[PDB]
Amino acid sequence: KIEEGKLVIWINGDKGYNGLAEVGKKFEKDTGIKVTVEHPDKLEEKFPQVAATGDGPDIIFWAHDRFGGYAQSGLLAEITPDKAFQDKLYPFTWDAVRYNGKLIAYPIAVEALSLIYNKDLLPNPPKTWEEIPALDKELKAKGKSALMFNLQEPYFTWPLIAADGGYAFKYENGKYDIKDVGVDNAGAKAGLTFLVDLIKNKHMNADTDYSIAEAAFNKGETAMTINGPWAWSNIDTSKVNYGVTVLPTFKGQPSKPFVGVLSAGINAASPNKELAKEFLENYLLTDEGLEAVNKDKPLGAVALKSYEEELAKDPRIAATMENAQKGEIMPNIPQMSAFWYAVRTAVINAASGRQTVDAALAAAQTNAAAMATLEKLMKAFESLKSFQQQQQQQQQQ
Amino acid sequence: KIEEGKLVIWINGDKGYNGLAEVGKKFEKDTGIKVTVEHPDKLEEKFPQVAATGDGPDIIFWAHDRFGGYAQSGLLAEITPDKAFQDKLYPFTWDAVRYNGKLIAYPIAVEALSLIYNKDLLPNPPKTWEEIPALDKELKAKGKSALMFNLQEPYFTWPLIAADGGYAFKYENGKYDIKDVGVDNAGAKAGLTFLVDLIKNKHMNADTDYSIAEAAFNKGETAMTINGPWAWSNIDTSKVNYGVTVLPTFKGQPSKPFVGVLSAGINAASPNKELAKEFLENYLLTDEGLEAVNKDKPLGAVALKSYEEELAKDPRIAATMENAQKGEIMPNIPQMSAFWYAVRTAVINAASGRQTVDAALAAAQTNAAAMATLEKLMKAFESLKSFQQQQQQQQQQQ
Ligand SMILES: [Ca+2]
Ligand SMILES: [Ca+2]
Ligand SMILES: [Ca+2]
Ligand SMILES: [Ca+2]
Ligand SMILES: [Ca+2]
Ligand SMILES: [Ca+2]
Ligand SMILES: [Zn+2]
Ligand SMILES: [Zn+2]
Ligand SMILES: [Zn+2]
Ligand SMILES: [Zn+2]
Ligand SMILES: [Zn+2]
């Protein structure tokens, strides 16, 4: 059960586990307490499974969206750093770590989407979403394509949708307003309409999957794709002079991408916490800490005001972060799981013809509210299961 | 259909049905009105059934909590005395009898848990939850545990959890906010935590139940125990020089359990109406009306400030009442029938290291809402289902 007098940390194999085992040594040769990392196949389960009963690691590394469901179930011994530490990094990052208003996890890395172009084919990109049609019939004219991305999925579509008005739930002062779902409103209407007005004017496709997004831009076709840092490696593979800058602005309004903060929280039943304190504080952070991580595997835009600043001399990194300033924190609330499906169906109909813009987005918000039910129910089942299992244990006699 | 020109009343077994015979004879002599009392079981089932058809008694006696399901289903007549009558009883007992603000029943008797100790092993008891661990150590030394009581149920474990500010729902303004469930704050946190640490530090095991604990005290093998007025008989039987006192405080804050006011409502149909109040008012709510039941059935405490102050020279009572005054009034709104299942689980889970404190409680709100909404299901489907008969009886019936 737990640790006591040591310190065990979990982070995903894919992320630079090596920086930790380094700050492990930094810690080991400074306070005299042993730190190690573990990268178990999909810890997502492992953690809340045994963390709920005490045990697991003392600390954890993962995207902030999932932390909600952990903090919801009661796992993170909410953190306490002073103004000094809070001020040491970006204010909007702090908005990404609030459940019931309280702090929970320390924010580490930040991923958001950018505009990747082909300089050999395209100069000074656009800067407004309204330029791209005038681009296409100019470039499609020479046998090419203006733009392409994942139109099949919805994580990718929101950037325009939200650009004007359209949001998920409004937070309104450091929480989430469950009622104030801002889809079928001013912004979403003309947001989505634009896209249908593209596909109907042949500029975009519909069948477009993710492969086709990556594959097409990669072969010098479609000099205009939108993706995140995870494909940056697969552009040196192709070797196509790119790329990466701030997204175009629809209706003057900045495009609105989603933001996923890595960050790290602390198991409540982990007797150490104080050791996670000074360790996470001024060992893990402070250039060096992050330096050591993002070296073995880059983290992209990072929480620390000073460090993100230093490697921002990368024209790619900078642009990602600039999309974070004018973006939406991925709400950690479990309501999001629904929003996905409801919006996913709304995009499949939007330009499918099977339905219309206005009517798709209304039926979606109408359906998104109608999903809480499905959850209230899902949870009711999960509750019957936690009484029925006591009955099952009473059944063996 | 009820009565008309009389008064027909139900009560229960452990309720001294003859006690009212004095009150129904004193009523019959002064105004000349016939007053028959019955003692039928399955009252809580056969009453809401008959009072739907306008039948049943003109008046009822039970604890306020069941009255929630009744009041809601419009079964009870709004009862209006006077603010100059309202001061004859304790104003708090009044906070315990109001469905959606409006008054619905006359309060009778108070039931809360009390601290029972043994003057032999401990002549003057602790009184602070926090001291309680050290005592086991003191007593355990000669044998005998400090404390053994029911750890399976939550009515027996909640008093401490609420201690630091934990609560089922929120009162204020004469209503209960169905959303403000306080079983997850620091009060709840420290409450449960503090308890676990008594099992943890082997002051008692989790397998202690109701009979297991009571038997152990009745043989004088634990110094203290906690229970209500249903023991007394059983402890006098054991001839143990005991005593009843106000419960221990945690973090200076006084503990507080759920209370249980016995009360009297009026059938909305009950054509007598005018005869009910008159009866309760002055024929059942003086010293005597209360006296007359006491001789039959000892009702621990009573809400009548006047008559209460009288039996108070009994210490076993003054302690109960003190406990109730400083106590969370048990609610009557349906969701409380859900609260039991949700909280019972959190308790047994932490009492096992099957999950943690913080994990049990924030995940009890899940279980709570889940019932409160499934509760809605059962109720609602029980429309369609029970409407299937009137569907077919009226449709045809061959
Ligand atoms: Ca899929
Ligand atoms: Ca709206
Ligand atoms: Ca596929
Ligand atoms: Ca009449
Ligand atoms: Ca008193
Ligand atoms: Ca049924
Ligand atoms: Zn692995
Ligand atoms: Zn065009
Ligand atoms: Zn440097
Ligand atoms: Zn009987
Ligand atoms: Zn101890």
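Of the residues B:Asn241, B:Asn267, the single one that is in the same structural domain as B:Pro125 (by CATH) and either crowded, with 22+ Cβ neighbours inside 10 Å or not β-branched (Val, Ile, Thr) (or both) is B:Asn241. Screening the candidates A:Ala362, A:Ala370 for the property of being away from every other protein chain (no Cβ under 14 Å), out of contact with any helix residue (DSSP H, G or I) (no Cβ under 8 Å at 6 or more places or on another chain) and touching a residue at least 12 places away in the same chain (Cβ under 8 Å) yields one hit, A:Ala362. Answer with yes or no whether A:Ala71 is under 21 Å from A:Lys6 (Cα atoms), within 14 Å of chain B (Cβ to nearest Cβ), out of contact with any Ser or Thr (no Cβ under 6 Å at 6 or more places or on another chain) and away from ligand 3 (no atom under 16 Å from the Cβ). No; evaluated as a whole, the condition is false for this residue.
If the condition is being outside any helix (DSSP H, G or I) and touching a residue at least 60 places away in the same chain (Cβ under 8 Å), then the stretch A:321-359 contributes A:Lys326, A:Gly327, A:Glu328, A:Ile329, A:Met330, A:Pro331, A:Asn332, A:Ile333, A:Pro334, A:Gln335, A:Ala351, A:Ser352. Within the stretch A:36-53, not a single residue is under 18 Å from the mean Cα position of the chain (by Cα), assigned by CATH to the domain that holds A:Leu262 and of a type in the set (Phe, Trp, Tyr). The helices (runs of 4 or more DSSP H) found wholly in the stretch B:183-300 and carrying at least 3 residues that are more than 16 Å from ligand 8 (Cβ to nearest atom) and under 18 Å from B:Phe61 (Cα atoms) occupy B:274-278, B:287-296. Annotation note: of A:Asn272, A:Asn282, the sole residue that is under 30 Å from A:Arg316 (Cβ atoms) and either more than 14 Å from chain B (Cβ to nearest Cβ) or surrounded by fewer than 21 Cβ atoms within 10 Å (Cβ to Cβ) (or both) is A:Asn282. Taken over the stretch A:94-107, the criterion of being in contact with a strand residue (DSSP E or B) (Cβ under 6 Å, 6 or more places away or on another chain) and of a type outside the set (D, E, K, R) is satisfied by A:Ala96, A:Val97, A:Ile104, A:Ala105, A:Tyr106, A:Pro107. Evaluation of A:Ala146 against the conditions (1) surrounded by fewer than 22 Cβ atoms within 10 Å (Cβ to Cβ); (2) within 16 Å of ligand 8 (Cβ to nearest atom); (3) not hydroxyl-bearing (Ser, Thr, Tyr) shows that the sole unmet condition is (1). For the structure I just gave you, tell me whether B:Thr193 is within 14 Å of chain A (Cβ to nearest Cβ) and more than 16 Å from ligand 2 (Cβ to nearest atom). In short, yes.
Condition check ((1) out of contact with any strand residue (DSSP E or B) (no Cβ under 9 Å at 6 or more places or on another chain); (2) buried (at least 17 other Cβ atoms within 10 Å of the Cβ)) across all residues:
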| site | (1), (2) |
| --- | --- |
| B:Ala292 | yes, yes |
| B:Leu299 | no, yes |
| B:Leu304 | no, yes |
| B:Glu309 | yes, no |
| B:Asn323 | no, yes |
| B:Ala346 | yes, yes |
| B:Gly353 | yes, no |
| B:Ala359 | yes, yes |
| B:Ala364 | yes, yes |
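For the stretch B:325-351, the tally of residues that are closer than 20 Å to A:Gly74 by Cβ and charged (D, E, K, R) stands at 1. The residues on offer are B:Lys376, B:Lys385, and the sole one that is more than 10 Å from every other protein chain (Cβ to nearest Cβ), over 17 Å from B:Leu151 (Cα atoms), basic (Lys, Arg) and part of a helix (DSSP H, G or I) is B:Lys385.
When the stretch B:163-197 is filtered for residues that are surrounded by fewer than 20 Cβ atoms within 10 Å (Cβ to Cβ) and under 15 Å from B:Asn150 (Cα atoms), only B:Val196 remains. Being away from ligand 6 (no atom under 16 Å from the Cβ), under 23 Å from A:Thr366 (Cα atoms) and more than 14 Å from every other protein chain (Cβ to nearest Cβ) holds for only one residue in A:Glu172, A:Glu131, A:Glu214, A:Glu138, and it is A:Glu172. Quick one: would you say B:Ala84 is in contact (Cβ under 8 Å) with a residue 40 or more places away in the chain, away from ligand 5 (no atom under 16 Å from the Cβ) and either in contact with a strand residue (DSSP E or B) (Cβ under 6 Å, 6 or more places away or on another chain) or more than 14 Å from chain A (Cβ to nearest Cβ) (or both)? No; evaluated as a whole, the condition is false for this residue.
Tell me yes or no: at least one residue of the stretch A:96-118 is basic (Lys, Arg) and within 14 Å of another protein chain (Cβ to nearest Cβ). Checked against the condition, which is being basic (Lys, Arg) and within 14 Å of another protein chain (Cβ to nearest Cβ), the stretch A:96-118 yields at least one hit. Selection of the stretch B:340-356 for residues being more than 8 Å from every other protein chain (Cβ to nearest Cβ) and of a type in the set (S, T, N, Q) yields B:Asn349, B:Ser352. Residues of the stretch A:120-139 that are surrounded by 13 or more Cβ atoms within 10 Å (Cβ to Cβ) and outside any loop (DSSP other than H, G, I, E, B): A:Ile132, A:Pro133, A:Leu135, A:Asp136, A:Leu139.
Numbers and lists here come from the model and the stated rules, or from a named source; no laboratory read-out is quoted. As a convention, Cβ positions derive from the backbone with ideal geometry for all residues, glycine included, and neighbour counts pool all protein chains shown.
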